[PDB]
Amino acid sequence: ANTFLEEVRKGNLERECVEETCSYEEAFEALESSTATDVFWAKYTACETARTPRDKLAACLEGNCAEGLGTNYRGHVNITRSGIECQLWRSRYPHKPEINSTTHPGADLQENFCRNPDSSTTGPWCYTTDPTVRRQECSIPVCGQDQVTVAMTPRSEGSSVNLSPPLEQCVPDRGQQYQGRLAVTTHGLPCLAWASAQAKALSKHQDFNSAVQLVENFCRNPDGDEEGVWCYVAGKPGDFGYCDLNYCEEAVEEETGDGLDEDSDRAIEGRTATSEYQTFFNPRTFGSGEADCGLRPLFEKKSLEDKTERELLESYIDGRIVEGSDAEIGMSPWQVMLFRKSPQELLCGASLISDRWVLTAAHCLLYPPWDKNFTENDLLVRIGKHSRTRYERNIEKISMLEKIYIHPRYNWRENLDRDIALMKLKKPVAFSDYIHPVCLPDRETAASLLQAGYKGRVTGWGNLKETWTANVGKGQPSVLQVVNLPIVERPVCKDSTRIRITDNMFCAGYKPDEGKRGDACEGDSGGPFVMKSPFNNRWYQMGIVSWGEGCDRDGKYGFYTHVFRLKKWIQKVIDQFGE
Ligand SMILES: [Ca+2]
Ligand SMILES: [Ca+2]
Ligand SMILES: [Ca+2]
Ligand SMILES: [Ca+2]
Ligand SMILES: [Ca+2]
Ligand SMILES: [Ca+2]
């Protein structure tokens with residue numbers, strides 16, 4: 001600024017806007033690169049306390065130290081003060097940040113690098129990937145001293161020395177041989193005495209195993225329910241609650257068939273060997289037409305094959321990843337679109353299991369950290385939709401939710417285990433070409449289909465990508481979209497994530513090679529993952545399209561929540577409504 005005849009000499013960004021109080025004009029004049037201009041401005045601003053001396057401003061230009069509350073820090077530290085992983089600022093997992101990339105673009109928000117966007121009192125902080133705590137301060141160095149902004153005490157997990165190691169063996173056979181005296185539930189609801197009047201009244205119609213004795217008030221699983229030990233709890237009639245037992249990891253794919261000869265070449269299609277559908281659920285409360293699951297009148301009733309079926313066999317051409325393809329008309333009858341009642345907003349996807357029950361992701365209904373706590377009267381569903389933004393009155397239908405059941409084993413605190421939610425419609429919707437329930441595979445059926453090497457199908461409109469990712473550049477498809485994804489190895493699935501994965505969740509999809517990210521984040525969250533069974537010409541839905549690392553992290557596949565074992569559990573719901 002001073003030395004007036006400076007404006008005729010050539011200049012030095014450091015001999016004008018560093019060793020001297022300068023105009024942003026001379027700054028603008030000397031910079032022009034308006035992105036770095038904003039950067040230098042941000043510098044100046046943050047360096048408002050680093051104006052003097054000169055080397056202090058040089059260090060503030062280096063940016064490795066956070067100035068004051070941490071507005072200027074531009075390093076590479078992306079870890080909380082206690083070692084918790086920093087959540088992506090732009091992404092909504094696991095919390096939707098009111099203060100994020102859109103609100104603070106000038107801070108150079110990196111992948112997860114610790115920042116102080118709002119100049120928070122905790123200094124440079126970061127949102128945490130752990131759903132339990134939304135935010136945590138980062139231990140970022142402050143300028144002027146070799147001092148960090150907050151105490152760095154990394155989280156050491158439970159040790160193998162200071163606690164007592166349980167010698168209790170893992171429970172096999174899903175608890176068909178366990179009779180322990182554990183008497184505490186996961187959610188704390190007390191177990192009603194099995195010999196009491198209410199339990200006897202509720203179980204008189206239930207054929208509990210005679211070998212597994214029914215003790216007074218402990219957790220018992222004699223009904224052959226694969227989920228685990230459950231007990232009746234106080235409250236409304238028929239209330240049930242499941243207890244936590246550390247079952248041995250009983251992968252469905254590892255069931256060895258005792259009738260499969262080792263001649264595995266040229267897989268034989270079903271000819272004169274028709275596998276009939278076995279009704280595991282009573283039509284009275286599970287709904288009529290159960291025998292007609294997944295049978296489209298346009299395709300199944302006339303033996304018309306879709307143009308996308310020729311890719312079912314995993315022996316296809318060198319397993320190259322196939323891009324997204326638009327689905328046909330009427331080929332997605334079991335898809336449901338979970339919509340916000342008020343105001344207008346698309347929420348999630350869901351699977352149609354019966355004409356009067358619907359299956360949807362639990363996180364779409366309940367997520368207190370997400371400011372999301374929906375009652376039965378605040379969301380609706382739409383079945384048989386072709387285009388999201390349009391309304392085709394005749395062929396599509398809408399429904400309003402009445403009753404919601406949440407499985408007590410749904411664990412959103414560690415890994416979103418068992419993302420299960422059940423819904424009931426007050427006004428039933430009859431059968432149609434574009435609306436038809438999908439079949440429910442059992443344990444043996446799932447094992448047979450998975451060991452047959454058939455690809456899975458995921459249908460949706462891209463709402464999963466909108467909800468769990470901030471990737472702008474591929475607009476949300478308003479057209480029905482379908483993606484084919486095969487299965488991968490389970491131990492590799494464990495090695496593909498830094499977070500623990502339960503047996504109820506499995507990997508599916510091609511391996512995204514370096515240089516591109518896979519399409520595992522296509523479709524809608526909570527939607528179906530279906531495979532056309534070659535043994536009965538039917539479509540079996542392996543589970544729910546739940547949140548996976550395929551959205552938030554590149555190089556990952558789709559993680560899906562298994563619901564095939566829940567057959568015994570399913571009736572346990574409608575046994576409450578048998579009146
Ligand atoms: Ca000057
Ligand atoms: Ca000047
Ligand atoms: Ca001078
Ligand atoms: Ca000038
Ligand atoms: Ca100048
Ligand atoms: Ca100089």
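Residues numbered from 1 in each chain as written, not as in the entry; some residues may be left out. Chains lettered and ligands numbered in written order. Part of a larger assembly, values for the part shown. Heavy atoms only, no water. Residues with missing side-chain atoms left out of burial classes, pairs and counts.

The protein chain carries the name Prothrombin in the PDB entry, which gives Homo sapiens as its organism. Its UniProt record, at the heading Subcellular location, says of the protein chain: "Secreted, Extracellular space". Here is the UniProt Sequence similarities comment for the protein chain, exactly as written: "Belongs to the peptidase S1 family." (UniProt positions renumbered as here; feature names shortened; annotations may be inferred.)

Asker: Before we move on, could you go through the sheet that holds strand β15 (residues 421–425) and cite the residues and values that matter?
Answerer: Spatial ordering of the closed barrel is given by β8-β9-β10-β15-β14-β13, a layout of 6 strands whose pairing is antiparallel. Adjacent strand axes in the sheet meet at a mean angle of 40° when their direction is disregarded. When strand β10 (residues 357–360) meets β15, the two strands line up antiparallel, connected through 4 bridges. Its bridge partner lying in β15, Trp357 is registered against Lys424. (Pairing = 2+ DSSP bridges. Helix = DSSP H or I, 4+ residues; strand = E, 2+ residues; numbered from the N terminus. Axes fitted to C-alpha atoms, helices over the stretch in contact; angles between N-to-C directions.)

Asker: Talk me through the pattern of salt bridges; I want residue IDs and the actual numbers.
Answerer: Enumeration according to the criterion identifies 28 salt bridges in this entry. With its nearest N and O atoms 3.8 Å apart, the salt bridge here joins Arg443 to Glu226. Pair noted here: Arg443 is in helix α7 (residues 443–451) and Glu226 is in the loop between α5 (197–203) and β5 (230–232), with a separation of 217 residues, a long-range link. Classification of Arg443 as partly exposed rests on a relative accessible area of 25%. (Salt bridge = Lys/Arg side-chain N within 4 Å of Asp/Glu carboxyl O. Buried < 20%, exposed > 50% of the residue type's maximum accessible area, 1.4 Å probe, protein only.)

Asker: Requested: an account of the state of the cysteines, with residues and values cited.
Answerer: The final tally for this structure, using the stated rule, is 12 disulfides. Between the sulfur atoms of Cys86 and its disulfide mate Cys126 the distance is 2.0 Å. Classification of the bridge connecting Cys86 and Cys126 rests on its S-S torsion, roughly -80°, and on that basis the disulfide is left-handed. Separated by 40 residues along the polypeptide, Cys86 in the loop between α4 (54–62) and β1 (125–127) and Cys126 in strand β1 bring together distant segments of the chain. Like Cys86, the residue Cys126 is buried in the burial classification. Across a sulfur-sulfur distance of 2.0 Å, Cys521 and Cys551 are joined as a disulfide pair. Between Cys521 and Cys551 the disulfide shows an S-S torsion of about 100°. By sign, it is right-handed. Remark: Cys551 occurs in helix α10 (residues 549–552) and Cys521 occurs in the loop between β18 (505–508) and β19 (528–533); sequence separation between them is 30 residues. We note that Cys521, like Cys551, is buried. (Disulfide = S-S within 2.5 Å.)

Asker: Please provide a residue-by-residue account of the packing of aromatic side chains, values included.
Answerer: What the rule picks out here adds up to 26 aromatic pairs. Ring geometry for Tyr93 versus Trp547: centroids 4.3 Å apart, planes at 20°, classification stacked. Of the two residues, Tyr93 is situated in the loop between α4 and β1 and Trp547 in the loop between β20 (538–545) and α10; the sequence distance between them amounts to 454 residues. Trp547 shares its class with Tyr93; the two are buried. Each residue in the set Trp194, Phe208, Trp230, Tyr232, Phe240 and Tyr242 is aromatic and connected to the rest through ring pairs, giving one cluster. Over the face of the ring belonging to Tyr247 we find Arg174, whose NZ or CZ atom lies 4.0 Å from the ring centre. (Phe/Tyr/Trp six-rings, centres within 6.5 Å; stacked < 30°, edge-to-face > 60°. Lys NZ or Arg CZ within 6 Å of the ring centre and 35° of its normal.)

Asker: Describe α7, with residues and values.
Answerer: Burial in α7 covers these residues: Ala446, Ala447, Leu449 and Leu450. Looking down the long axis of α7, one finds its buried residues gathered within 170° of arc, a one-sided arrangement. Its buried side turned inward, α7 meets β19 and β20. Two to three positions downstream of the cap, the backbone nitrogen of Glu444 sits 2.7 Å from a side-chain oxygen, assigning the N-cap of α7 to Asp442. Looking one or two residues past α7, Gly453 carries a phi angle of roughly 70°, positive in sign. (Arc of directions from axis to C-beta. Contact = heavy atoms within 4.5 Å. Polar contact = N/O pair within 3.5 Å; in protein donor to acceptor, adjacent residues only side chain to side chain.)

Asker: Lay out the pairing of strand β14 (residues 397–406) with the relevant residues and their values.
Answerer: When strand β13 (residues 379–383) meets β14, the two strands line up antiparallel, connected through 4 bridges. Bridging across to β14, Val381 finds its partner in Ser399. When β14 meets β15, the two strands line up antiparallel, connected through 5 bridges. Within β15, the position partnered with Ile404 by the bridge is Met423.

Asker: Just give me the short version of a nonpolar patch on the surface, but keep the residues and values in it.
Answerer: Among the surface-exposed residues, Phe4, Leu5 and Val8 lie close enough to one another that they form a single nonpolar patch of about 420 Å² accessible area. Position of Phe4 relative to the elements: it lies in the segment before α1 (13–16). Judged by its relative accessible area of 78%, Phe4 is exposed. (Patch = residues over 30% accessible without salt bridge, like charges linked within 9 Å, V, L, I, M, F, W, Y side chains within 5 Å. Areas by Shrake-Rupley, 256 points an atom, 1.4 Å probe, with all protein chains shown as cover.)

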